[PDB]
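Down below is the structure, laid out as structure tokens.
We count residues from 1, following the sequence as given. First listed ligand is number 1; within each ligand, the first listed atom is number 1. Computed over heavy atoms, backbone and side chain alike; hydrogens, waters and symmetry mates excluded.
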Amino acid sequence: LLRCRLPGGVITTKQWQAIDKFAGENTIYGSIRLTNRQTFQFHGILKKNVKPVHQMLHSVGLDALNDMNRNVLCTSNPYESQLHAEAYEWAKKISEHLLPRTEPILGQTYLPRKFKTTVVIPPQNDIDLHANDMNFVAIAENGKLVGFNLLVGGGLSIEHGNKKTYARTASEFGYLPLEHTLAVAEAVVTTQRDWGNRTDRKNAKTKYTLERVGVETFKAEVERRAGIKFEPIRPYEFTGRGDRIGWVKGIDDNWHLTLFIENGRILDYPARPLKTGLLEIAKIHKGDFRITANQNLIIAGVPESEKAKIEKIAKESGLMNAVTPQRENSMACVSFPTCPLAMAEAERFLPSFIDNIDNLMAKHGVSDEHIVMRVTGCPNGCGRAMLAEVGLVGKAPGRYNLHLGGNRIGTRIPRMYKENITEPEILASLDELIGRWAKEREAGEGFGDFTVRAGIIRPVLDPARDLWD
Ligand code: SRM
Ligand code: SF4
Ligand code: NA
């Protein structure tokens, strides 16, 4: 397995052509796997190719640079298209500022655990901020960014039956002018580095450090170290976490074509040459591609005149095959056969599972609707099921824990509803549950909120204390 450092998921067509080639020739699987952290992975690199892979990444200006700072995410397709550039420039700066000097920031012993950061452009939460340690929520005025609201402490990983572990959402620290960004970023990393419990790795994460010392205590140290005082949180709202599948207008005569790629797995399948179609678009595309946090790919900045050009290839290659709004809002992790920590299938199970969910949605007359549904192959939480309305957490081969209760924007953790059950048992529950939502839901009420309001599942109000029954 090889993964790239790709801030904000922006990758050029030239770099793309380089990855399509290597993946095709130098890997067992021969596929490109877009991750939900806006980057790519190769699966099955032969040890002889471990050298040419780094060279290949480098020749195109890429790198794979662990208990370090992971890919810094950034909202991929904002409604106010102009805001992307400075947000993306900031995600890129934070990423570079947090890189190891090989360690004034990381420390010699580095970090207790992996540190995850994001730049969010409301009203979109496609990057799923509550799954991350440090979050920069962009505040704009007159089309220019002016500062960031800082949310710290997100994390989703749990351990089966271990009430000492839990998923936690990020806490609000305050508003910081744009100039204090790197200082604040640096301060959060260092206090976590110092305060973070290093002995027990399962308790090293920031979400744990925050619960032990307290948000306000953590906050004061961040202000002390940063040389600033946080200002009050400035109003921000989210409306969803999905991608804008299809064409959307960008700035000027620019357009963006977000392609839905199931499981982010790019490979040529019989009659659906996804991998070649993307190579073909890469060769004629004026611009970049953007890897979304929903494992999809955006063909960004297509001049209005080139729309038909690109659409012809995407269409012919099966890259624009129509899916239901449900499939578009469902996610799973890689899991088998490559993940060594896998307990239950995820990526290889999602497709057929969703076929089943689509039938249920149809059967209840809600086929134009969607439920944020995610399947994670083990509790480490890579598929982000702990921020979904319906989350399936793998417990053993063919058995998952069923969580319900999250919401569409992902600001609530789903409590466990049923435990260690199989697919036919999972579907029987959802058949009934969807049946009720379809008939009892209020105007525009999501499935998650319904289960909570209808007394179907108690909400998780304070993860550290009431996540576990
Ligand atoms: C590809 C991806 C899932 C996907 O289908 O997209 C992935 C895949 C794996 N993750 Fe992850 N993680 C991915 C996002 C995350 C997320 C979600 C997120 O960040 O948005 C989480 C949950 C949030 C969180 O971090 O709390 C996540 C929590 C973990 C953990 C639990 C860590 C912890 O703090 O307890 C592990 C295992 C570990 O680190 O000990 C892990 C471990 C793994 C490894 C690398 C397995 C391993 O340790 O050997 C998996 C690779 C399997 C494979 O063959 O691909 N992965 N993983 C994501 C790649 C991210 C990236 O490109 O940087
Ligand atoms: S959630 Fe578990 S099975 Fe799935 S990719 Fe992460 S470590 Fe592997
Ligand atoms: Na996808």
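- Considering only non-hydrogen atoms, atom 48 (O) of ligand 1 lies nearest to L341 out of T206, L341, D133, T376.
- Atom 6 (Fe) of ligand 2 has as its closest protein heavy atom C382 SG, 2.2 Å.
- Of the polar atoms of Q295, at least one N or O is found under 3.5 Å from an N or O of ligand 1, judged by distance alone.
- Atoms of ligand 2 found under 4.0 Å from any heavy atom of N380 (numbered from 1 in listed order, with element): 7 (S).
- For ligand 1, the atoms sitting less than 4.0 Å from at least one non-hydrogen atom of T39 are 62 (O), numbered in the order shown with element in parentheses.
- In this structure, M386 has no heavy atom closer than 4.0 Å to ligand 1.
- Under the 4.0 angstrom criterion for non-hydrogen atoms, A332 is in contact with ligand 1.
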Can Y400 and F349 be said to form a ring-ring contact (aromatic ring centres under 6.0 Å, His included), step by step? CA-CA 12 Å; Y400 306 80; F349 159 85; 5.0 Å; yes

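- Note: no N/O pair closer than 3.5 Å links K205 and ligand 1 by distance alone.
- When the heavy-atom distances from atom 8 (Fe) of ligand 2 to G394, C339, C333 are ranked, the shortest goes to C339.
- Heavy-atom contacts of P340 reach the following atoms of ligand 1: 49 (O) (cutoff under 4.0 Å).
- Considering backbone and side-chain atoms together, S335 places no N or O closer than 3.5 Å to any N or O of ligand 1.
- Of the protein's non-hydrogen atoms, the one nearest atom 1 (S) of ligand 2 is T376 OG1, 3.1 Å.
- Closest to atom 63 (O) of ligand 1 among all protein heavy atoms lies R3 NH1, 3.1 Å.
- In this structure, atom 44 (C) of ligand 1 is not in close contact with the protein, since no protein heavy atom lies within 4.0 Å of it.
- Of the heavy atoms in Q38, none comes closer than 4.0 Å to ligand 1.
- The one candidate from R408, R241, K116 that meets the salt bridge (charged side-chain N to carboxylate O under 4.0 Å, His left out) condition with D128 is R241.
- At a 4.0 Å heavy-atom cut-off, ligand 1 does not touch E347 at all.
- The protein atom (non-hydrogen) at minimum distance from atom 15 (C) of ligand 1 is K116 NZ, 3.3 Å.
- Protein heavy atom in closest approach to atom 52 (C) of ligand 1: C339 CB, 3.6 Å.
- Annotation: the span from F336 atom CZ to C378 atom SG amounts to 9.0 Å, rounded to 0.5 Å.
- Using a 4.0 angstrom heavy-atom cutoff, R70 does not count as in contact with ligand 1.
- In this structure, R265 CZ and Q41 CD are separated by 8.0 Å, a value rounded to the nearest 0.5 Å.
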Notebook entry, point to check: Can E347 and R33 be said to form a side-chain contact (heavy atoms from CB on, under 4.5 Å), step by step?
Noted result: CA-CA 11 Å; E347 156 156 5; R33 175 58 154 68; 2.8 Å; yes

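- Of all the atoms in ligand 1, the ones that sit under 4.0 Å from a non-hydrogen atom of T338 are 53 (C), 54 (O).
- The shortest N or O to N or O distance between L156 and ligand 1 is under 3.5 Å.
- Those atoms of ligand 1 with a heavy atom of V334 less than 4.0 angstrom away are 1 (C), 5 (O), 53 (C), 54 (O), 55 (O).
- Atoms of ligand 1 found under 4.0 Å from any heavy atom of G155 (numbered from 1 in listed order, with element): 26 (O).
- Contact check on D469 versus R458 returns no salt bridge, with no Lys/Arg side-chain nitrogen under 4.0 Å from an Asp/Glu carboxylate oxygen.
- Scanning the protein heavy atoms around atom 2 (Fe) of ligand 2, the nearest turns out to be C378 SG, 2.2 Å.
- With salt bridges taken as basic N to acidic carboxylate O contacts below 4.0 Å, none links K207 and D133.
- A salt bridge links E280 to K283: one of the charged nitrogens lies within less than 4.0 Å of a carboxylate oxygen.
- Here the two rings, on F218 and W195, have centers that are under 6.0 Å apart.
- If you look at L1 next to ligand 1, the close heavy atoms, those under 4.0 Å, all belong to the side chain.
- Salt bridge status for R193 with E186: absent, with no side-chain N to carboxylate O gap under 4.0 Å.
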Practice task
Apply the test side-chain contact (heavy atoms from CB on, under 4.5 Å) to residues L297 and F40: give CA-CA distance (whole Å), side-chain angles for both, the deciding distance (0.1 Å), then the verdict.
Solution key: CA-CA 11 Å; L297 189 61; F40 60 97; over 6 Å; no

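- Here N329 contributes atom CG and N294 contributes atom CG; the two are 7.5 Å apart, rounded to the nearest 0.5 Å.
- Contact annotation for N71 and ligand 1: no heavy atom of the residue comes within less than 4.0 Å of the ligand.
- Ring geometry for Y88 against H84 counts as parallel: the plane angle stays under 30°, on a 0 to 90° scale with 60° as the upper cut.
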- prompt: Are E211 and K205 close enough, and set up right, to give a salt bridge (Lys or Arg N to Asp or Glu O under 4.0 Å), and what steps lead you there?
  reply: CA-CA 10 Å; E211 289 289 347; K205 215 64 159 83; over 6 Å; no

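- The protein non-hydrogen atom at the shortest distance from atom 14 (C) of ligand 1 is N36 OD1, 3.5 Å.
- There is a side-chain donor-acceptor pair under 3.5 Å between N69 and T117.
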Exercise for review: List the steps and the verdict of ring-ring contact (aromatic ring centres under 6.0 Å, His included) for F42 and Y29.
Suggested key: CA-CA 8 Å; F42 285 136; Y29 291 94; over 10 Å; no

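- Counting only heavy atoms of the protein, atom 7 (C) of ligand 1 lies nearest to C382 CB, 3.8 Å.
- A salt bridge links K315 with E311; the closest basic N to acidic carboxylate O contact falls under 4.0 Å.
- When only non-hydrogen protein atoms are considered, atom 30 (C) of ligand 1 lies nearest to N380 CB, 3.4 Å.
- Nearest protein neighbour of atom 35 (O) of ligand 1, counting heavy atoms only, is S157 OG, 2.6 Å.
- No part of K202 comes within 4.0 Å of ligand 1, judged by heavy-atom distances.
- A side-chain donor from one of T276 and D268 sits under 3.5 Å from a side-chain acceptor of the other.
- Scanning all protein heavy atoms for the shortest distance to atom 55 (O) of ligand 1 gives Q41 NE2, 2.9 Å.
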